[PDB]
> 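Before we start, here is the structure in question, set down as structure tokens.
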Amino acid sequence: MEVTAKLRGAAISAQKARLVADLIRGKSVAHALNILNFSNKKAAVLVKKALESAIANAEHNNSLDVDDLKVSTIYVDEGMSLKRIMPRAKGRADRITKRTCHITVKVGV
Amino acid sequence: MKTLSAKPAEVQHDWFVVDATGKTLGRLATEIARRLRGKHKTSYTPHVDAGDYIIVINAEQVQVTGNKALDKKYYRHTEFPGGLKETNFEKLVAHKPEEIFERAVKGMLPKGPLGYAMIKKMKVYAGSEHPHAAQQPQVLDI
Amino acid sequence: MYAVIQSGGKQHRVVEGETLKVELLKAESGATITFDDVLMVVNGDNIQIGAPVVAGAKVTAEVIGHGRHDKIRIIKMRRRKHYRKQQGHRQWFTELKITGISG
Amino acid sequence: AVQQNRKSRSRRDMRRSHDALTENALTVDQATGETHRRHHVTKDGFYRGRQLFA
Amino acid sequence: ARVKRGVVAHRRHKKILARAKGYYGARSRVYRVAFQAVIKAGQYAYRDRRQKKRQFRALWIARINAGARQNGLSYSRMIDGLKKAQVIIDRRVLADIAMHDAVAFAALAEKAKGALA
RNA sequence: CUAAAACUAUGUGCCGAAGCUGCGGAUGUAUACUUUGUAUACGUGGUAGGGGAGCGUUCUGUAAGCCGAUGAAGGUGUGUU
RNA sequence: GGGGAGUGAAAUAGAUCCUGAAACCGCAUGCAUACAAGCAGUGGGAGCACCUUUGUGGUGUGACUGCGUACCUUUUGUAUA
Ligand SMILES: [Mg+2]
Ligand SMILES: [Mg+2]
Ligand SMILES: [Mg+2]
Ligand SMILES: [Mg+2]
Ligand SMILES: [Mg+2]
Ligand SMILES: [Mg+2]
Ligand SMILES: [Mg+2]
Ligand SMILES: [Mg+2]
Ligand SMILES: [Mg+2]
Ligand SMILES: [Mg+2]
Ligand SMILES: [Mg+2]
Ligand SMILES: [Mg+2]
Ligand SMILES: [Mg+2]
Ligand SMILES: [Mg+2]
Ligand SMILES: [Mg+2]
Ligand SMILES: [Mg+2]
């Protein structure tokens, strides 16, 4: 049995978050929490939020023990972009997409 | 019924030693390549190496006819702007007899991974002695 | 027992109990056919070779049924010439099973 | 100045094969019991048997 | 009578892309590329139906050569001798006997030799 | 590659095409007898272009019929003609 | 933002809310892949993995190998740079 947590609509791109998600995939929950605690990346904060939520769901709704848990599944998907305009030189205009992601964590023994 | 291919796991390579003293180079090379490819076996399959091992001894006693000992040129290019390099047959035979058989035989084989794997079963030695006495080679009178 | 027979314009090397496909036949599914134009029989260091036929050799077989092979697709095309053409094909066969080889 | 052909999704992932992150050096300060970055003051001001800003 | 091209077009594209499984990149994903890939595959198959019969006869002739040269002849002389002895075994069966039964092939080579002399 | 694996002359074999033969199948035209069914024979590479025969799509009648919550259209796989 | 609880026939009917295709982007399993040169297929063909039967079966992958310079248009003529 895996317990899930979703963080939908993070204001970062999925390519930037997948780097942090690769660092904790398949590790024990305490070790992953340490890795996320001592990171200088911005995606580490959002991933730590989602992981903390998954541990709380596993222990409250399912009543599991925490030292036995693992980061069994984690993946990042793309969200919907925001379209903006950037004025360029000589009257030209560029299109800026501000990207979003969905983080999904699954914690299990 | 249908035509079966030879299984690489059932192939059995054998070991032979051939003496090169007083022999025309290309007329020996054709025999060596035919044995290396396996054309003499009824299980011959063009995509399988069903050939045999050959040991050449006295590689510095091989012969050429005509005036080729002085007139046959071997070329190389180092891939630098003027790096074409030239040598003789007779300078190369008293100094590196392995490369003469290497070139003569490798030119007579296919050109791809299986051809690279066939040329590995040829072992060329300048003198009368080889180290593969544990493999028990047969005297092939080519 | 390794005899050599002719059928459908081709030649086959058969043993007893073997099941094989040949070109379509007119015979009826469940009948029994006999090849009496035999080319060679080998029974173990005993080898009869026909010139062109072994005299008193028989090979009997049974007709299991008739069927079609899997679909082949024919495609003809001419580049830059506005010409394309396509076709399908399934070939008919008769399935025999070898019952006896006389020698 | 610019490409003549688009890049396949395989050659784009081959370039990113050096983009992975590594971990830091973390140790256990059994003077205090906590986890901290090696050679650094802890979150509350402890290092090798001394306390800053008591 | 307004006719919409939604279902039939989608089904045609789908059928073309189902015949391109295993191809690399856009050749199994993009309709424009996969369509040319399927047409070229059909052309190749039409030509290789003809080339298969040449390749297999070449293989039979090579195996018969290997078998005849162990029995003391070349391919040319064994085929000539068998034609002079009214033996009509074809090459597909001769290569089988060469690859699986050495005794019967020695019998055939002896028959050919006898025919030549 | 040198009494050739070159050149000239002669001979015996063999290899070699989607050519020809064998086996199975489809089709055009014309003929022969039933009187619409098969044989026989010749044919069946194609751009521009001419001729012939069809598939599928939306809508009207047939249709106040027939199928459908015991699951329609649509989407996604598999098998088969 | 989610996980339980609860409503409802239905909650991957939860408000960006019927159905939910494709391009595009992930995670998981199987096989292949770091001595080998080119329109990426096609004809062969070993091995491995999973289903199944007592297989001359099915599914996925594809070592090695013969052949092989995209499509449309316009041209006497195009892999055409
Ligand atoms: Mg301005
Ligand atoms: Mg990937
Ligand atoms: Mg001939
Ligand atoms: Mg032919
Ligand atoms: Mg013809
Ligand atoms: Mg015919
Ligand atoms: Mg025509
Ligand atoms: Mg014609
Ligand atoms: Mg649903
Ligand atoms: Mg919806
Ligand atoms: Mg390798
Ligand atoms: Mg390359
Ligand atoms: Mg022009
Ligand atoms: Mg011009
Ligand atoms: Mg051309
Ligand atoms: Mg170019």
Side-chain angles (χ1 to χ4, degrees), chain A residues 3-10 14-15 18 21 25 49-50 53-54 56-58 60-62 73-78 80 102-104, chain B residues 1-2 5-9 24-27 30 45-49 64-68 110 112-114 116-117, chain C residues 7-10 18-20 22-25 71 76 78-83 87 89-93, chain D residues 9, chain E residues 1-8 10 13-14 17 22-25 27 29-33 35-37 39-52 54-58 61 74-77 79-81 83:
Chain A
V3 182
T4 331
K6 290 178 168 150
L7 212 186
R8 282 180 55 91
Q15 208 208 316
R18 274 161 193 166
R25 176 173 293 125
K49 211 162 287 269
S53 214
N57 298 341
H60 186 256
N61 312 333
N62 295 252
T73 326
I74 175 145
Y75 47 74
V76 188
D77 282 323
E78 293 155 5
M80 62 160 314
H102 308 316
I103 306 163
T104 303
Chain B
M1 57 173 293
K2 35 164 44 184
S5 265
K7 311 282 200 63
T24 292
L25 169 69
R27 310 203 166 250
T30 57
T45 287
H47 67 96
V48 171
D49 193 15
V64 277
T65 55
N67 260 275
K68 278 182 260 162
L114 190 66
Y116 312 145
Chain C
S7 195
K10 294 169 265 292
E18 195 173 347
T19 41
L20 76 153
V22 301
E23 295 285 340
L24 193 63
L25 281 175
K71 177 81 88 49
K76 280 152 165 151
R78 196 85 68 187
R79 67 161 158 202
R80 297 178 313 256
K81 296 312 164 163
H82 196 229
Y83 167 84
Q87 197 202 303
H89 187 79
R90 299 186 78 198
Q91 177 87 341
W92 281 93
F93 66 76
Chain D
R9 60 176 55 84
Chain E
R2 186 172 177 252
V3 173
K4 293 184 75 186
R5 318 142 40 192
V7 181
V8 185
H10 174 53
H13 279 196
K14 200 185 169 37
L17 279 151
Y23 297 178
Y24 172 76
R27 282 166 180 261
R29 290 170 230 236
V30 173
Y31 173 81
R32 274 178 209 255
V33 183
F35 184 71
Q36 291 163 199
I39 291 304
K40 186 46 146 293
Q43 286 169 247
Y44 279 148
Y46 180 94
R47 176 214 65 181
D48 293 342
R49 251 175 259 121
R50 273 119 205 93
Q51 287 180 350
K52 181 182 186 192
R54 313 173 198 181
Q55 301 195 36
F56 265 103
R57 181 152 160 144
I61 288 180
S74 43
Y75 164 90
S76 290
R77 291 191 162 129
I79 287 283
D80 182 36
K83 280 209 171 27

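Because only heavy atoms are used, hydrogens play no part in the values below, and waters and symmetry mates are left out as well, while side chains stay in. Reminder, nothing fancy here: chain letters follow the sequence lines and each chain counts from 1.
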> Grab the OH-P distance between E:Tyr44 and G:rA40 for me, whole Å please.
4 Å
> To the nearest angstrom, how far is A:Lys49 atom NZ from G:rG2 atom P?
15 Å
> Sequence neighbours excluded, which residues qualify as side-chain hydrogen bond (donor to acceptor under 3.5 Å, both in side chains) partners of A:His60?
none
> Both distances under 3.5 Å and Watson-Crick or G-U wobble geometry: does that hold for F:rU8 with F:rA48?
no
> Under 3.5 Å, is there any donor-acceptor pair linking the side chain of B:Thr45 to the base of G:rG45?
no
> Just to be sure I understand the rule, does A:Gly9 reach a base, reach only the sugar-phosphate, or reach nothing, if contact means heavy atoms closer than 4.0 Å?
nothing
> Using a cut-off of less than 4.0 Å, is there contact between a side-chain N or O of E:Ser76 and OP1 or OP2 of F:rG13?
no
> Check the phosphate of G:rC39 against E:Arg27, side-chain N and O only, distance under 4.0 Å to OP1 or OP2. Yes or no?
no
> Any base atoms under 4.0 Å from C:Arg79, or only sugar-phosphate, or nothing? Heavy atoms, all strands.
sugar-phosphate
> Suppose you measure atom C1' in G:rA79 against the same atom in G:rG68; what distance do you get, rounded to whole Å?
13 Å
> Side-chain N or O of E:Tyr24 less than 4.0 angstrom from OP1 or OP2 on G:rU33?
no
> Do the side-chain N or O atoms of A:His60 get closer than 4.0 angstrom to the phosphate oxygens (OP1, OP2) of G:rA5?
no
> If you look at every strand shown and take non-hydrogen atoms under 4.0 Å, does E:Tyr75 touch a base, only sugar-phosphate, or nothing?
sugar-phosphate
> Can you tell me how far P of F:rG25 sits from CZ of C:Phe93, to the nearest Å?
14 Å
> Provide the distance between the two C1' atoms, one in G:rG43 and one in G:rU73, to the nearest whole Å.
33 Å
> Nearest-nucleotide wise, let me know which of C:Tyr83 and E:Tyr46 is further upstream toward the 5' end of RNA chain F.
E:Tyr46
> Can you tell me, in whole Å, how much space there is between the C1' of F:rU34 and that of F:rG54?
31 Å
> Could you measure between the two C1' atoms, the one in F:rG79 and the one in G:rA46, and give it in whole Å?
31 Å
> Looking at B:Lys68, does any N or O in its side chain come under 4.0 Å of the phosphate oxygens OP1/OP2 on F:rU2?
yes
> Determine which nucleotide pairs with F:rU40, using a 3.5 Å limit on both distances of a Watson-Crick or G-U wobble pair.
F:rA30
> Could you give the NE2-to-P distance, from E:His10 to G:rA21, as a whole number of Å?
9 Å
> If only side-chain N and O atoms of E:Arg54 are considered, is one of them under 4.0 Å from the OP1 or OP2 phosphate oxygen of G:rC67?
no
> In whole angstrom, what separates C:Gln91's CD from F:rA26's P?
11 Å
> Tell me whether the side-chain N/O atoms of D:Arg9 come closer than 4.0 Å to OP1 or OP2 in G:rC25.
yes
> Going by purine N1 to pyrimidine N3 plus the second Watson-Crick contact, or the G-U wobble pair, all under 3.5 Å, which nucleotide sits opposite G:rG1?
none
> Just N and O in the side chain of E:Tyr23: are any of them under 4.0 Å from OP1 or OP2 of G:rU42?
yes
> Using a heavy-atom cut-off of 4.0 Å across all strands, would you classify E:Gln43 as base, sugar-phosphate, or nothing?
nothing
> Counting any heavy atom closer than 4.0 Å, what does A:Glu78 reach on the DNA or RNA strands: base, sugar-phosphate only, or nothing?
sugar-phosphate
> Respond yes when some side-chain nitrogen or oxygen of A:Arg18 is under 4.0 Å from OP1 or OP2 of G:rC25, and no when none is.
no
> Within the pair C:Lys10 and F:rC23, is there a side-chain N or O less than 4.0 Å away from OP1 or OP2?
no
> Could you tell me which nucleotide pairs with G:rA34 by Watson-Crick or G-U wobble geometry, both distances under 3.5 Å, or answer none if nothing does?
none
> Looking across every strand, which nucleic acid part, if any, lies under 4.0 Å from A:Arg8 by heavy atom: base, sugar-phosphate, or nothing?
sugar-phosphate
> For C:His82 and F:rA48, is the shortest distance between a side-chain N/O and OP1 or OP2 below 4.0 Å?
yes
> Contact class for B:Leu25 vs. all strands (heavy atom < 4.0 Å): base, sugar-phosphate, or nothing?
sugar-phosphate
> So what's G:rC25 doing, north or south, if we go by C1'-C2'-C3'-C4' (plus is north, minus is south)?
north
> Using a cut-off of 4.0 Å on non-hydrogen atoms, how would the nucleic acid contact of C:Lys81 be classed: base, sugar-phosphate, or nothing?
base
> Considering every strand and a 4.0 Å limit on heavy-atom distances, what is the contact class for B:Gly112: base, sugar-phosphate, or nothing?
sugar-phosphate
> I want to check one thing: is the phosphate of G:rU74, taken as OP1 and OP2, less than 4.0 Å away from some side-chain N or O of C:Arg80?
no
> Report yes if at least one side-chain N or O of C:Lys76 is closer than 4.0 Å to OP1 or OP2 of F:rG45; otherwise report no.
no
> Check whether the side chain of A:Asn57 and the base of G:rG2 form a donor-acceptor pair under 3.5 Å.
yes
> E:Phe35 near the nucleic acid: base, sugar-phosphate alone, or nothing, with a heavy-atom cut-off under 4.0 Å?
nothing
> Check every strand shown and say whether B:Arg27 touches a base, only sugar-phosphate, or nothing at a heavy-atom separation below 4.0 Å.
base
> How far, in whole Å, is G:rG58 from G:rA28 if one measures between their P atoms?
33 Å
> Measuring only the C1' atom in each nucleotide, how far is G:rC35 from G:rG66? A whole number of Å is fine.
23 Å
> Which is true for B:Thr30 with a 4.0 Å heavy-atom rule: it touches a base, it touches only sugar-phosphate, or it touches nothing?
base
> Using the P atom as the reference point in each nucleotide, state the distance between F:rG74 and G:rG20 in Å, no decimals.
14 Å
> Please state the P separation for the pair G:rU65 and G:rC50 - nearest whole angstrom.
29 Å
> Looking for any heavy atom pair under 4.0 Å, which part of the strands does E:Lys14 touch: base, sugar-phosphate only, or nothing?
sugar-phosphate
